[PDB]
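What follows is a short report on a single structure.
No Cβ is skipped: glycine too gets one built from the backbone with ideal geometry, and neighbour counts run over all protein chains shown. Values in this text are rule-based calculations from the coordinates and carry no lab data.
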Amino acid sequence: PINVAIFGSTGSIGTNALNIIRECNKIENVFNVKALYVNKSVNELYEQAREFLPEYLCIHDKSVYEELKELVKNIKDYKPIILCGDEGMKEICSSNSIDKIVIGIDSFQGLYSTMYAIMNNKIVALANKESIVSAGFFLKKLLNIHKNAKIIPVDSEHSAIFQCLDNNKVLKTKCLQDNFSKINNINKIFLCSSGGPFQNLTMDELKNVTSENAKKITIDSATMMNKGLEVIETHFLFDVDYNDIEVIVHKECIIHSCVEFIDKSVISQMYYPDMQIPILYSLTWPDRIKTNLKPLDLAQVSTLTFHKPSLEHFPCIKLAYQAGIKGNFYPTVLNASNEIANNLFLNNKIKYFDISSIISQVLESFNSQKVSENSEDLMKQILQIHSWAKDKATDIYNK
Amino acid sequence: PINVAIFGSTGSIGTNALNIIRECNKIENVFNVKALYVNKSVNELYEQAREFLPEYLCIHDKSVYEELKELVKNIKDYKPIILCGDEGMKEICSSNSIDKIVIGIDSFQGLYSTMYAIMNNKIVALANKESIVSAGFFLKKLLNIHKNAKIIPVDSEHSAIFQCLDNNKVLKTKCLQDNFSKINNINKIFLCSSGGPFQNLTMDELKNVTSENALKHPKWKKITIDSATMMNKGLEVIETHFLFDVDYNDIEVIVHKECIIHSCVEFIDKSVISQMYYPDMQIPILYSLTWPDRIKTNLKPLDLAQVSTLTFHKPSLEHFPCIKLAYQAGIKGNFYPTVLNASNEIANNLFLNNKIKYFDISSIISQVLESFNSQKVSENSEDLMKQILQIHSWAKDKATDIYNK
Ligand SMILES: NC(=O)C1=CN([C@@H]2O[C@H](COP(=O)(O)OP(=O)(O)OC[C@H]3O[C@@H](n4cnc5c(N)ncnc54)[C@H](OP(=O)(O)O)[C@@H]3O)[C@@H](O)[C@H]2O)C=CC1
Ligand SMILES: NC(=O)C1=CN([C@@H]2O[C@H](COP(=O)(O)OP(=O)(O)OC[C@H]3O[C@@H](n4cnc5c(N)ncnc54)[C@H](OP(=O)(O)O)[C@@H]3O)[C@@H](O)[C@H]2O)C=CC1
Ligand SMILES: [Mn+2]
Ligand SMILES: [Mn+2]
C-alpha cells in the first residue's frame, strides 16, 4: 500500500485528496491513510477519522486537543496516536510508515510543514503556494541535502506540466533541481489560465470595476495575480527561465497547461476542471492507477480557445514576472502587498488599478536581503518581510 | 552519432527526413546518412548522394544502374557501394554500420524491406501502411524472435500517440508487443482526423456527391478520395491496434479539422495527454530517429494564441461507412485488412472517374470482404509476400466484378 499523510485534510485540497483516495480504494486497496492534520476543525477531522481510521491524528490548536482525544473514543476498534501542534506535525513527518505527505495547508504553516517533510526525506505532494513563492531557493537547498525527498506539484497547471514530461528523464533529476529543464529537454511552458471574470472588460471599464463584479481567491483570479504566482512557482519547480514561461488564456479549462520541448513538439494534459486527477498523480507518480472518473468527451466539449492576456489590463502579471526576475524575497513582498491590496479592493476602498499600483510601489521600495541559511531563521526572516510588506502597502494606502 | 538509412529517399517522407537531418546537423552533427535507396529516381538520388555522401546507394530498378554509376563518377573522391534490387536492399539491412532505417517506400516493397530490417535487428522508423495492414501478425512474430529490432511509427497520428507515452514505460516493452497497452496504462486512444472534404455534408448531399467535389476542396487524387471516405483513417485504426496493442473497443476516431492536436491517449486514471504542432512531418520523423531522446531544432514554435480555436466532433459511421468496414476487417483479422485495402484501391478509382456513387464505394468493399475466404498464413517472409500479392490481386479483380454488377 501507498502510505499517505494529509496535511490540511478538511480544506479544499485535503477533501479532494480523500475523495480520490476513497474512489481508488473501492477499485483496489492502493492507499493507507496513515495521518490527518488540521488547525481547528475538530468535528470535521473527527468525521474523517471515523471513515479513514488513520494511525495518527494531529491538531495544531492545543485548545481543541483534549476535545479531540475523547471524541475519538466514540469510534470503535480505533486507538490512534493523537498529537498536537508543531511537535506533532514533526512526529508525523518522522514516521517510517509514511511515504507521501499531501500539503494542503494555506499560509506559512504550509511552508513550515513542507520543510520538515523534506528534512525527513518524504515525497511531498505540494499545493501550498507560499512554500515556493517565499522559500523556493531554500527548498532547493533542502532537496539538495535530502536526496530521497521530492516535491511533486499538485496545482492543476503544474501537475499538467509535470504529467507532460517523460518520467525516464524526470527520474534522473527531480523538481526544483538545477538543470531540470535541460535534463527534460524543455524549451518553454504554456501556463494555461481560465482568465477570470474580467477578460472581456475594456481599460475604461476596468478603471471603474468593483469587488461585486468579480473571496480572497476570486479577486486573485480577477487580477490574474494567481497566475503571476504560478509563473514564479513554474520557474522554481521546473528550472525554466521567466522569458520561457508564457501565460495563455484558455477559458474552457480543458487543457491544463502545455510543454514545448527543444524539438518544438508540444505535449499537453487535458481533463475536465477537477482537482482529483492532479492530486492522485502526485500520489501515484511515477505510475498511474485505475479511477472511476467520467472520461473526457472531446467531441462533446466541441471548442477549445486560446488568447494572450493583455498586460495593460492585467498588470499584476507584469509585476509577478518583475518580482520573479528580481529574485530574493521580492516574490514574498509581491504576495504580501497583494494580500493587503486584495482586501482594500474587496472593501471598496481602492479601485482595480490601485491594486497593481500599491503592489508596484512596495516592490520598488524593497532592497534584497542576505538569505538565512537555516529553517528557523528563514521562517522568522520571511514573516518579518511579509509583515513589513503588509505594513508598507497599508502605509501607501493611508497616504 | 545516429547512423541512418533512408529507404525511399526521393519521396515525401524521404525528403522530409533528409531535410530535418540536414537542419539538425547544422546545430550539432548528430546524424550520419549511411545508405539511400530508391526505385528509379537516379537524378534526384545523385543530388542527394552529392550532399550526404552515403556509404551505400541502392536502386531497385537494376536497369538504371549504369546511369547512376556514371553520374556518381562526377563526385570527387567519392566511391560508394552501389547496389541493385532486393539483393541490395538486404545487403544494406545487414550492414552493421546502420542502426536506424526510415522506411518511406510506398506499397509492398515497403513491407518486404521492413521484414528484412527487423530480421537484421534494426530500429525501423515506419511510414509504410501496407506493412502493418497486410502483415501485422507476422511482424509481431518477427519482433519476438529479433529482440533488438523495433518499429517506431512515423505517421503523424501514430507518432503523436507514441510521444504521449511515458518512456519509462515504453522502455519496459516495445511497439507491437502483447501487453504494450497494459504496461503503458493506456485506456483509450483518440485517433485524430482532418475529417476529409466531405465532413460537413448532409446525408442527402452524400448520396449525391461526385469526385469533383472532393478534388475541388482547397484544403486537400487517390489520397484525396481516401481522405473523403475516411478510409485512410480506417487503415490507421488497424495500424493503431497493432502498434499499441489497443483493442478495437478502445480506439475512437475524432474529427479535428485544424490539424494541430495530432492525437491523444486517455490513461487508466482518465487523464488525457495529447501532442500538438503544425501539420509538419518533420517532428514525427525526427522523433523516430532520436527516441527515447529529443534534440534541438529550429522549427517554427507553435503559436497557440494565433491558432486561437481548436475543434472536435464525432464522425457519423452512417456518413462514413468505410470506417465501420475497417473495424470489422481488423476485428476479423487474417488477411481481411489486405482485402479491405485492395478492394478500396479499385472502388476509389471507380469513384474518381465518376463510375459509381459515393455510397457504392463501401458497398463494393463490403462485398469483396464477404466473398473472401480466410487463408492459411505463411510461416516465412518469402511465402507470405507471394501470398499477400496474390490476395491483393484477387481482391482488386473481385472489386472490378462487383462494379460491373
Ligand atoms: N483549493 C485548490 O483547488 C488549490 C489551492 N492551492 C493552495 O493550497 C493551499 C491550501 O488550499 P485549500 O485547501 O484551498 O485551503 P483551505 O482553506 O480550503 O484549507 C486549508 C487547510 O489547512 C489547514 N490549516 C490551516 N492552518 C493550519 C495549521 N496551522 N496547521 C495545520 N493545518 C492548518 C486547515 O485546517 P482547518 O479546517 O482546521 O482550518 C484546512 O484543513 C493554499 O496555499 C492554496 O494557495 C493551490 C492549488 C489549488
Ligand atoms: N507522404 C506522407 O506525408 C506520408 C506517407 N506515409 C506512407 O509512406 C509510404 C510512402 O510515403 P511517400 O513518401 O508519401 O510516398 P512517395 O511516392 O512520395 O515516395 C515513395 C518512395 O519510395 C520509392 N520506391 C518506390 N518503389 C520502390 C522500390 N521498389 N524499392 C525502393 N524504393 C522504392 C520511390 O522511389 P522513386 O523516386 O525512384 O520512385 C520514392 O522514393 C506510403 O506507404 C504511405 O502510406 C505515411 C504517413 C505520411
Ligand atoms: Mn492553479
Ligand atoms: Mn496519417
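Remarks
- Here, the range A:311-399 is characterised by an Rg to Rh ratio of 0.99, where Rg is the alpha-carbon radius of gyration and Rh the Kirkwood radius.
- Residue by residue along A:233-241, Cβ atoms of other protein chains within 10 Å of the local Cβ number 0 on average.
- FRET E, pair B:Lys221, A:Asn213, Förster distance 41 Å, beta-carbon r, rounded to 0.05: 0.10
- Taking the Cα centre of the range A:311-399 as origin and assigning +1 to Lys and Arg Cβ atoms and -1 to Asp and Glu Cβ atoms, the resulting dipole is close to 200 debye.
- For the pair B:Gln390 and B:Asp303, a Förster radius of 41 Å applied to the C-beta separation gives a FRET efficiency near 0.20, rounded to the nearest 0.05.
- In order along the range A:349-357, phi translates into HN-Hα couplings of 9, 10, 8, 4, 6, 5, 4, 5, 4 Hz, rounded to whole numbers, per the Karplus curve 6.51 cos²θ - 1.76 cosθ + 1.60 with θ = phi - 60° and x for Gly and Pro.
- Calculated FRET value between A:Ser357 and A:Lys40, using beta carbons and R₀ = 25 Å, to 0.05: 0.10
- The range A:1-44: trypsin sites (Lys or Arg not before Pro) falling in loop per DSSP and having at most 14 other Cβ within 10 Å: A:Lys40
- Assuming charge only on the beta carbon of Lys and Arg (+1) and of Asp and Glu (-1), the dipole of the range B:156-316 about its Cα centre is about 300 debye to the nearest 20.
- Cross-link reach list, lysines versus B:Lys73, counting only Cα pairs under 21 Å and skipping chain neighbours closer than eight places: B:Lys34, B:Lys40, B:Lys62
- Under the shape rule built on the C-alpha gyration tensor, where the axes satisfy a ≥ b ≥ c, the range A:189-284 is prolate, since a/c reaches at least 1.5 and a/b is greater than b/c.
- Shown for B:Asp178, B:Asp99, B:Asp245, B:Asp204: other C-beta atoms within 10 Å of each C-beta, ranked fewest to most, produce the order B:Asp204, B:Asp178, B:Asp99, B:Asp245.
- Sites listed here are GluC sites (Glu not before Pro) in the range B:17-52 whose DSSP assignment is loop and whose Cβ has at most 12 other Cβ atoms within 10 Å: B:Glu28.
- Cut-off under 5 Å, modelled amide H: who pairs with B:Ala125 long-range: B:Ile101, B:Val102, B:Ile103, B:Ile152
- Residues B:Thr10, A:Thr284, A:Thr332, sorted so that the one with the fewest Cβ neighbours within 10 Å comes first: A:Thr284, B:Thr10, A:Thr332
- Within the protein assembly as shown, DSSP assigns beta bridges of which about 30% are antiparallel (rounded to the nearest 5).
- Note on B:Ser94 and B:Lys73: the model spin-label points, each 7 Å out from Cα along the C-beta direction, lie 3.0 nm apart.
- Under 5 Å, built H, 5+ apart or other chain: amide partners of A:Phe31: A:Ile2
- Taking GluC sites (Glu not before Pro) across the range B:358-405, the ones in a DSSP loop with at most 10 further Cβ atoms lying within 10 angstrom of their Cβ are B:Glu379.
- Hydrodynamic radius of the protein assembly as shown per Kirkwood, over alpha carbon pairs, in Å: 29.4
- Within chain A, percent of DSSP bridges classed antiparallel, to nearest 5: 25
- Exposure proxy ranking for A:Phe180, A:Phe198, B:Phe335, based on other Cβ atoms within 10 angstrom of each Cβ and starting from the fewest, stands as A:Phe198, A:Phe180, B:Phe335.
- For A:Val247, the residues whose modelled amide H falls within less than 5 Å of its own, excluding neighbours fewer than 5 places apart on the same chain, are A:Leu191.
- Placing dummy labels 7 Å off each Cα toward the beta-carbon, the span from A:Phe137 to B:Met119 is 6.5 nm.
- ³J(HN,Hα) computed for each position of the range A:62-72 - Karplus, 6.51 cos²θ - 1.76 cosθ + 1.60, integer Hz, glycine/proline x: 5, 5, 8, 4, 5, 4, 9, 5, 8, 4, 4
- Dipole-positive endmost among B:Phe108, B:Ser63, B:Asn74 within the range B:1-117 (Cβ charges, Cα centre): B:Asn74
- For the range A:370-399 and the range A:108-152, distance of Cα centres in Å: 20
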